[PDB]
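Only one structure is covered here, and it is reproduced in the block below.
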Amino acid sequence: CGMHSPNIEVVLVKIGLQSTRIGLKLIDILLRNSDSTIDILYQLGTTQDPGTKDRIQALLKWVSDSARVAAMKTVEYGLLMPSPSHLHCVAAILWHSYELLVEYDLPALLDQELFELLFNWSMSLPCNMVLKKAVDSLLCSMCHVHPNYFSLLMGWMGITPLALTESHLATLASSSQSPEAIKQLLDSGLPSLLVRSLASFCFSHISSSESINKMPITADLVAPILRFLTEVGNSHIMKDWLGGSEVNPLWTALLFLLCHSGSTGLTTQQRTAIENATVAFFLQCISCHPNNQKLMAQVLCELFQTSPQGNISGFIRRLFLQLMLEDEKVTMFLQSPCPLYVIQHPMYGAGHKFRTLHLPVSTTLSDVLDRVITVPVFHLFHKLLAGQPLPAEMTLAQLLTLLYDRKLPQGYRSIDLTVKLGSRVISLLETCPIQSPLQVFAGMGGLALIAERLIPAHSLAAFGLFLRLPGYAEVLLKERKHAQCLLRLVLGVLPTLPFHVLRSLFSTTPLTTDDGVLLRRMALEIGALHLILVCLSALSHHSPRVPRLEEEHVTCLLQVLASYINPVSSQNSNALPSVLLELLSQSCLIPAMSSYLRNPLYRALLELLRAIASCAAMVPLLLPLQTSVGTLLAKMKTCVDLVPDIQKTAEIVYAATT
């Protein structure tokens with residue numbers, strides 16, 4: 001069938017929707033006696049005809065028979081075990097029948113006994129296979145159709161002591177994803193009692209470790225119920241509720257539990273479980289939510305500010321290497337009448353005509369559309385935009401900023417686009433991108449805080465010292481991918497960038513403002529000039545005056561020095577202290593300059609010369625300790641004789657020397 005399968009499925013759909021009896025018979029022989037069967041069931045269930053009610057009745061009768069067969073324990077083989085993909089397809093069919101305007105009374109088909117049967121089926125088997133996920137997606141769709149069914153489900157597990165296994169909470173978290181279920185769950189006291197219980201357990205454990213409506217939570221359920229928190233954090237009002245002072249004890253308690261209380265006893269497997277659940281929670285919280293981004297930035301700055309005086313624990317280290325060093329991932333939803341070529345939420349549809357991806361923000365629309373004369377061309381539209389398409393090279397950060405400026409609520413985890421076919425004959429791109437958690441954390445200088453607590457190797461060692469300066473990260477974040485690659489090389493073009501960011505920061509911070517002089521005096525205090533001078537001494541094989549990659553390194557270091565002397569070149573006399581003058585009189589600048597002269601890089605050296613001649617307080621170092629530099633430079637300029645620049649720089653040096 002692999003060459004003509006669309007034809008077969010289409011003719012099967014037409015024969016099925018010809019009459020009711022034939023469709024019911026073929027449903028029976030396709031379910032009792034693959035992706036294609038999922039598409040067949042979808043097109044049978046969601047297409048509207050007078051025979052739709054009997055078809056969904058047959059589907060419900062089949063799933064009830066399978067639940068019965070699983071409940072007491074030839075034609076019954078399909079009832080001994082059902083395909084979980086078929087159950088997810090039935091859930092999608094019921095969901096799209098509830099969503100679309102149907103002629104029949106859909107909740108009349110749903111029965112409470114079906115709720116009891118599928119609930120007993122759910123606890124009859126463990127959580128490893130996907131059959132539990134399928135029957136739980138069916139439970140979620142049916143309870144979305146019937147809110148009173150979920151309302152009675154709360155009354156079963158003692159909710160208006162308690163003991164819930166991991167499968168119980170798994171079924172509840174799976175079946176709470178629908179808006180009516182999550183509305184009833186917020187209306188129910190189960191989330192409030194669980195967060196109060198886990199906060200009390202954390203506080204009790206902290207009090208026991210530091211001394212060396214409430215309900216006791218054991219050491220096993222806490223990782224699954226933290227995963228419950230991760231799964232419910234998709235709602236934006238959930239993210240706002242987690243941002244209040246009522247919840248903040250959860251954060252502080254979990255951190256004090258997982259840092260101070262080392263190996264009540266925490267075993268390594270459960271510690272890893274809580275560790276991974278907290279990673280998932282942190283990844284879930286700040287997803288497309290700038291408020292959560294600044295919240296985590298403030299929280300991590302407060303933890304790094306009160307770091308003990310020196311070793312960083314494994315959790316905080318891996319959280320730094322994980323949370324803000326991977327690109328932000330958003331949920332992509334694609335609706336299209338044309339074919340576009342795992343269990344997901346029923347908002348995301350089914351079949352190949354509904355697409356759902358979990359993709360990083362940094363990519364553009366051309367890459368996600370490639371992976372999924374009048375010429376038909378794909379065009380992208382939004383439900384909040386009327387009459388204009390979307391550019392192919394526009395990244396998702398720009399789209400997220402446009403939607404957040406277009407009344408889309410903050411924290412909306414899944415963005416939806418419709419693909420249409422237009423004709424081609426053979427402002428939007430200029431918007432600001434998303435801020436991202438990494439740059440938000442770097443906005444208040446958290447990089448210096450984490451540096452204080454922490455290919456040639458000397459450049460990578462000097463990068464950590466260089467990023468301690470304020471304003472370094474703001475100019476560092478201009479190229480995201482290469483900065484992330486450099487941080488990945490730090491944890492354990494590439495050597496040029498730690499100095500190129502310093503040169504650009506020197507050039508963007510002039511001497512006419514307070515930021516430039518503060519940066520220069522902090523560089524004088526922390527000792528960056530000594531490090532770059534001994535690096536130049538080691539690279540040039542020359543010693544200070546005691547009282548192919550190397551060429552690029554020397555050129556870049558000379559460029560850094562030139563941008564340090566004159567920021568405008570890339571009260572000026574008293575803008576720089578004489579400490580730099582007495583420091584440069586000791587180093588190896590003069591002998592290396594004399595060695596290199598007597599032999600881009602020449603252009604950088606001439607820029608350094610006009611920079612060192614531009615500052616009057618930096619002038620008297622040019623006198624050698626007896627040929628002047630101006631006459632020498634004129635001699636080798638006549639020897640060389642680009643040319644107008646060389647002549648202008650030589651004339652400037654000659655004027656400075658005279």
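Chain labels run A, B, ... following the order of the structure tokens; each chain numbers its residues from 1, and ligands are numbered from 1 in the order shown.
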
(request) Pick out the residues sitting within 7 Å of residue 97 in chain A, and hand them over as a PyMOL selection string; count only C-alpha atoms, and ignore anything fewer than 4 positions along from it in its own chain. (result) chain A and resi 46+93+102

Only N, CA and C atoms, please: the residues just picked out, written as a PDB file, in the first residue's frame.
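Saved the output as out.pdb:
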ATOM      1  N   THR A  46     -14.696  12.180  13.107  1.00  0.00           N
ATOM      2  CA  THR A  46     -14.803  13.633  13.099  1.00  0.00           C
ATOM      3  C   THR A  46     -15.591  14.181  11.918  1.00  0.00           C
ATOM      4  N   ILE A  93     -11.101  11.879  18.785  1.00  0.00           N
ATOM      5  CA  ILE A  93     -12.402  11.897  18.116  1.00  0.00           C
ATOM      6  C   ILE A  93     -13.463  12.496  19.029  1.00  0.00           C
ATOM      7  N   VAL A 102     -21.758  19.713  16.846  1.00  0.00           N
ATOM      8  CA  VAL A 102     -22.318  18.444  16.402  1.00  0.00           C
ATOM      9  C   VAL A 102     -23.825  18.468  16.591  1.00  0.00           C
TER      10      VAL A 102
END

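Excluding residue 534 in chain A itself and any same-chain residue fewer than 6 positions from it, the protein and nucleic acid residues within 9 Å of it, counting only C-alpha atoms, are residues 543, 544, 587 and 588 of chain A.
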
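The smallest atom-to-atom distance between residue 130 in chain A and any of A:165, A:252, A:512, A:85, using only C-alpha atoms, is found for A:85.
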
Determine which residues of range 149-321 of chain A DSSP labels as helix (DSSP H, G or I) from the backbone of this structure, then write them out as an MDAnalysis selection string. chainID A and resid 149:156 166:174 179:187 190:210 222:232 236:242 248:259 268:285 290:305 314:321

Residues from last step as file, C-alpha atoms, as a CSV table (one decimal), in the first residue's frame:
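Contents of selection.csv, freshly written:
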chain,number,residue,atom,x,y,z
A,149,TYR,CA,-17.7,13.1,36.2
A,150,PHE,CA,-14.4,14.7,37.3
A,151,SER,CA,-16.3,16.3,40.2
A,152,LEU,CA,-17.4,12.8,41.3
A,153,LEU,CA,-13.8,11.6,40.7
A,154,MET,CA,-12.6,13.9,43.4
A,155,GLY,CA,-15.1,12.4,45.9
A,156,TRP,CA,-13.6,8.9,45.4
A,166,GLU,CA,2.2,7.1,41.9
A,167,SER,CA,-0.4,5.7,39.4
A,168,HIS,CA,-3.2,7.7,41.2
A,169,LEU,CA,-1.4,11.0,40.8
A,170,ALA,CA,-0.2,10.0,37.3
A,171,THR,CA,-3.8,9.5,36.3
A,172,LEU,CA,-4.9,12.8,37.9
A,173,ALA,CA,-2.1,14.8,36.3
A,174,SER,CA,-2.8,13.2,32.9
A,179,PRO,CA,-9.5,23.2,30.9
A,180,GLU,CA,-12.6,22.0,32.7
A,181,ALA,CA,-10.5,19.4,34.6
A,182,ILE,CA,-7.9,22.0,35.6
A,183,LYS,CA,-10.7,24.5,36.5
A,184,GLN,CA,-12.3,21.8,38.8
A,185,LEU,CA,-8.8,20.9,40.2
A,186,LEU,CA,-8.2,24.6,41.1
A,187,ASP,CA,-11.7,24.7,42.5
A,190,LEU,CA,-6.3,19.0,46.3
A,191,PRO,CA,-3.6,21.3,45.0
A,192,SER,CA,-3.8,23.5,48.1
A,193,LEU,CA,-3.7,20.6,50.5
A,194,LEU,CA,-0.8,19.0,48.6
A,195,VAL,CA,1.3,22.1,48.5
A,196,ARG,CA,0.6,22.7,52.2
A,197,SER,CA,1.5,19.1,53.0
A,198,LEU,CA,4.8,19.2,51.0
A,199,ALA,CA,5.8,22.6,52.5
A,200,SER,CA,5.1,21.2,56.0
A,201,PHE,CA,7.2,18.1,55.2
A,202,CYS,CA,10.0,20.2,53.9
A,203,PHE,CA,9.9,22.5,56.9
A,204,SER,CA,9.9,19.5,59.3
A,205,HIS,CA,12.9,17.9,57.5
A,206,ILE,CA,14.7,21.3,57.6
A,207,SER,CA,14.0,21.6,61.3
A,208,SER,CA,15.2,18.1,61.9
A,209,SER,CA,18.4,18.6,59.9
A,210,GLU,CA,19.2,21.9,61.6
A,222,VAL,CA,7.4,13.8,46.6
A,223,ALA,CA,9.2,13.5,43.3
A,224,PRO,CA,6.0,12.4,41.4
A,225,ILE,CA,4.0,15.3,43.0
A,226,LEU,CA,6.8,17.7,42.1
A,227,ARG,CA,6.3,16.3,38.5
A,228,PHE,CA,2.6,17.1,39.1
A,229,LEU,CA,3.6,20.7,39.8
A,230,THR,CA,5.7,20.7,36.6
A,231,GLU,CA,2.7,19.4,34.6
A,232,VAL,CA,0.3,22.0,36.0
A,236,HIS,CA,-0.3,31.4,33.3
A,237,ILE,CA,-2.3,32.0,36.5
A,238,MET,CA,-0.4,29.0,37.9
A,239,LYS,CA,2.8,30.8,37.1
A,240,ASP,CA,1.5,33.9,38.8
A,241,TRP,CA,0.4,31.9,41.8
A,242,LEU,CA,3.9,30.3,42.0
A,248,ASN,CA,8.2,31.0,47.9
A,249,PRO,CA,8.6,28.8,51.0
A,250,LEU,CA,8.4,25.9,48.6
A,251,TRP,CA,11.4,27.2,46.7
A,252,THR,CA,13.4,28.0,49.9
A,253,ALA,CA,12.4,24.8,51.6
A,254,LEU,CA,13.4,22.6,48.6
A,255,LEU,CA,16.7,24.4,48.3
A,256,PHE,CA,17.5,24.1,52.0
A,257,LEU,CA,16.5,20.4,51.8
A,258,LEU,CA,18.7,19.6,48.8
A,259,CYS,CA,21.8,21.6,49.9
A,268,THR,CA,20.9,8.9,46.0
A,269,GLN,CA,18.1,7.6,43.7
A,270,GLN,CA,15.4,9.8,45.4
A,271,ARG,CA,17.9,12.7,45.4
A,272,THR,CA,18.4,12.3,41.7
A,273,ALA,CA,14.6,12.1,41.3
A,274,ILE,CA,14.0,15.4,43.1
A,275,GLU,CA,17.0,16.9,41.2
A,276,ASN,CA,15.5,16.0,37.8
A,277,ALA,CA,12.0,17.1,38.9
A,278,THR,CA,13.4,20.5,40.0
A,279,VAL,CA,15.2,20.8,36.7
A,280,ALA,CA,11.9,20.1,34.9
A,281,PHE,CA,10.1,22.6,37.1
A,282,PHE,CA,12.6,25.3,36.4
A,283,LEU,CA,12.5,24.6,32.7
A,284,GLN,CA,8.7,24.8,32.8
A,285,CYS,CA,8.4,27.9,34.9
A,290,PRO,CA,9.4,37.1,31.2
A,291,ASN,CA,8.0,37.6,34.7
A,292,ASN,CA,9.2,34.1,35.7
A,293,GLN,CA,12.5,35.0,33.9
A,294,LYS,CA,13.1,38.0,36.1
A,295,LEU,CA,11.9,36.1,39.1
A,296,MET,CA,14.4,33.3,38.7
A,297,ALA,CA,17.1,35.9,37.9
A,298,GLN,CA,16.4,37.7,41.2
A,299,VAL,CA,16.2,34.3,43.1
A,300,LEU,CA,19.5,33.1,41.7
A,301,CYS,CA,21.2,36.5,42.4
A,302,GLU,CA,19.9,36.2,46.0
A,303,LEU,CA,21.3,32.7,46.3
A,304,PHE,CA,24.6,33.6,44.8
A,305,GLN,CA,24.9,36.7,46.9
A,314,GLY,CA,26.3,20.1,42.4
A,315,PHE,CA,22.7,21.3,42.0
A,316,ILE,CA,23.6,25.0,41.6
A,317,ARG,CA,26.5,24.2,39.2
A,318,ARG,CA,24.4,21.9,37.0
A,319,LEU,CA,21.5,24.5,37.1
A,320,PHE,CA,23.9,27.1,35.8
A,321,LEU,CA,25.2,24.7,33.1

Which residues are close to range 68-83 of chain A, i.e. within 6 Å by only C-alpha atoms, leaving aside same-chain residues fewer than 3 positions away? Reply as a PyMOL selection string. chain A and resi 32+65+86

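Here CA of residue 395 in chain A and CA of residue 369 in chain A stand 12.2 Å from one another.
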
All residues 9 Å or closer to residue 23 in chain A, only C-alpha atoms, same chain fewer than 5 positions away omitted, as a PyMOL selection string: chain A and resi 13+15-18+28+44+51+55

Kindly save the residues from that selection, with N, CA and C atoms included, as a PDB file, in the first residue's frame.
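again-v1.pdb, written as the output of this step:
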ATOM      1  N   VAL A  13     -12.739   5.781   3.561  1.00  0.00           N
ATOM      2  CA  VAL A  13     -13.562   6.796   4.215  1.00  0.00           C
ATOM      3  C   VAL A  13     -14.880   6.970   3.471  1.00  0.00           C
ATOM      4  N   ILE A  15     -16.414   4.746   1.496  1.00  0.00           N
ATOM      5  CA  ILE A  15     -17.244   3.555   1.690  1.00  0.00           C
ATOM      6  C   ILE A  15     -17.822   3.516   3.103  1.00  0.00           C
ATOM      7  N   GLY A  16     -17.059   3.989   4.090  1.00  0.00           N
ATOM      8  CA  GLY A  16     -17.550   4.031   5.456  1.00  0.00           C
ATOM      9  C   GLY A  16     -18.679   5.025   5.639  1.00  0.00           C
ATOM     10  N   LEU A  17     -18.537   6.213   5.056  1.00  0.00           N
ATOM     11  CA  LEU A  17     -19.550   7.247   5.155  1.00  0.00           C
ATOM     12  C   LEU A  17     -20.630   7.104   4.087  1.00  0.00           C
ATOM     13  N   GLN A  18     -20.586   6.038   3.285  1.00  0.00           N
ATOM     14  CA  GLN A  18     -21.715   5.717   2.419  1.00  0.00           C
ATOM     15  C   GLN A  18     -22.965   5.358   3.218  1.00  0.00           C
ATOM     16  N   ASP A  28     -15.698  -2.599  13.118  1.00  0.00           N
ATOM     17  CA  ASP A  28     -15.496  -3.845  13.850  1.00  0.00           C
ATOM     18  C   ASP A  28     -14.333  -4.658  13.283  1.00  0.00           C
ATOM     19  N   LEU A  44     -13.381   8.872  10.282  1.00  0.00           N
ATOM     20  CA  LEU A  44     -14.713   8.330  10.526  1.00  0.00           C
ATOM     21  C   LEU A  44     -15.411   9.063  11.664  1.00  0.00           C
ATOM     22  N   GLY A  51     -24.809   9.192  10.333  1.00  0.00           N
ATOM     23  CA  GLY A  51     -24.237   7.987  10.893  1.00  0.00           C
ATOM     24  C   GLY A  51     -23.110   8.189  11.882  1.00  0.00           C
ATOM     25  N   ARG A  55     -21.452   5.526  14.863  1.00  0.00           N
ATOM     26  CA  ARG A  55     -20.027   5.211  14.805  1.00  0.00           C
ATOM     27  C   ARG A  55     -19.354   5.463  16.150  1.00  0.00           C
TER      28      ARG A  55
END

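Shortest atom-to-atom contact with residue 570 in chain A among A:132, A:144, A:424, A:603: A:603, counting only C-alpha atoms.
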
Open item on the list: Need the shell around range 459-476 of chain A: protein/DNA/RNA residues with any atom at most 10 Å away, counting only C-alpha atoms. Skip same-chain ones fewer than 5 positions apart. Format as a count of residues only?
Closed with: 50

Determine which residues of range 277-404 of chain A DSSP labels as strand (DSSP E) from the backbone of this structure, then write them out as a VMD selection string.
chain A and resid 329 to 335 354 to 360 374 to 381

If you keep N, CA and C atoms, can you produce a file of those selected residues as a compact mmCIF listing (two decimals), in the first residue's frame?
# COMPACT_ATOMS: atom_id res chain seq x y z
N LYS A 329 12.83 26.84 24.54
CA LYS A 329 12.05 25.94 23.72
C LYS A 329 10.57 26.28 23.87
N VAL A 330 9.87 26.38 22.74
CA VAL A 330 8.46 26.74 22.71
C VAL A 330 7.72 25.65 21.95
N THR A 331 6.40 25.60 22.15
CA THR A 331 5.56 24.60 21.52
C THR A 331 4.95 25.20 20.26
N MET A 332 5.19 24.53 19.14
CA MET A 332 4.71 24.92 17.82
C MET A 332 3.50 24.08 17.45
N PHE A 333 2.40 24.75 17.11
CA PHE A 333 1.16 24.12 16.67
C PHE A 333 0.88 24.52 15.23
N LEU A 334 0.58 23.54 14.37
CA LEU A 334 0.39 23.79 12.94
C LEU A 334 -0.96 23.22 12.52
N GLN A 335 -1.82 24.09 11.99
CA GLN A 335 -3.10 23.69 11.43
C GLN A 335 -3.08 23.94 9.93
N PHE A 354 -2.68 17.84 11.57
CA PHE A 354 -2.43 18.65 12.76
C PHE A 354 -1.02 18.32 13.22
N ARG A 355 -0.16 19.34 13.31
CA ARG A 355 1.23 19.11 13.66
C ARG A 355 1.55 19.78 14.99
N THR A 356 2.42 19.15 15.77
CA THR A 356 2.87 19.71 17.03
C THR A 356 4.33 19.37 17.27
N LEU A 357 5.16 20.41 17.40
CA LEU A 357 6.58 20.24 17.62
C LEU A 357 6.98 20.99 18.88
N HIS A 358 8.13 20.60 19.44
CA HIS A 358 8.67 21.20 20.65
C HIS A 358 10.05 21.72 20.28
N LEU A 359 10.11 22.97 19.81
CA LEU A 359 11.29 23.41 19.10
C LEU A 359 11.92 24.63 19.75
N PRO A 360 13.23 24.80 19.62
CA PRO A 360 13.88 25.99 20.18
C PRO A 360 13.43 27.27 19.50
N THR A 374 3.07 30.74 -12.05
CA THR A 374 2.33 30.65 -10.79
C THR A 374 2.76 29.40 -10.04
N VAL A 375 3.29 29.59 -8.84
CA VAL A 375 3.82 28.50 -8.02
C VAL A 375 3.12 28.55 -6.67
N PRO A 376 2.62 27.43 -6.15
CA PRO A 376 2.05 27.43 -4.80
C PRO A 376 3.14 27.57 -3.75
N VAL A 377 2.89 28.45 -2.78
CA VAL A 377 3.85 28.77 -1.72
C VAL A 377 3.14 28.68 -0.38
N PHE A 378 3.77 28.02 0.59
CA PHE A 378 3.24 27.98 1.94
C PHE A 378 3.35 29.36 2.59
N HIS A 379 2.27 29.77 3.26
CA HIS A 379 2.25 31.01 4.02
C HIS A 379 1.68 30.74 5.40
N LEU A 380 2.17 31.50 6.38
CA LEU A 380 1.82 31.30 7.78
C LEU A 380 0.93 32.44 8.25
N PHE A 381 -0.15 32.09 8.95
CA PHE A 381 -1.10 33.06 9.48
C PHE A 381 -1.36 32.75 10.95

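With distances restricted to only C-alpha atoms, A:418 is the closest residue to residue 385 in chain A from A:647, A:112, A:336, A:418.
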
In terms of only C-alpha atoms, the residue from A:420, A:342, A:309, A:437 at minimal distance from residue 322 in chain A is A:437

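In terms of minimum interatomic distance to residue 21 in chain A, A:52 ranks closest within A:52, A:213, A:594, A:177, counting only C-alpha atoms.
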
Restricting to only C-alpha atoms, whichever of A:56, A:123, A:350, A:396 is closest to residue 105 in chain A is A:56

- Item | Shell around residue 609 in chain A at 9 Å using only C-alpha atoms, local window under 2 positions removed, as a ChimeraX atom specification | /A:562,604-607,611-614,649-650,652-653

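Between CA of residue 116 in chain A and CA of residue 29 in chain A there is a distance of 27.2 Å.
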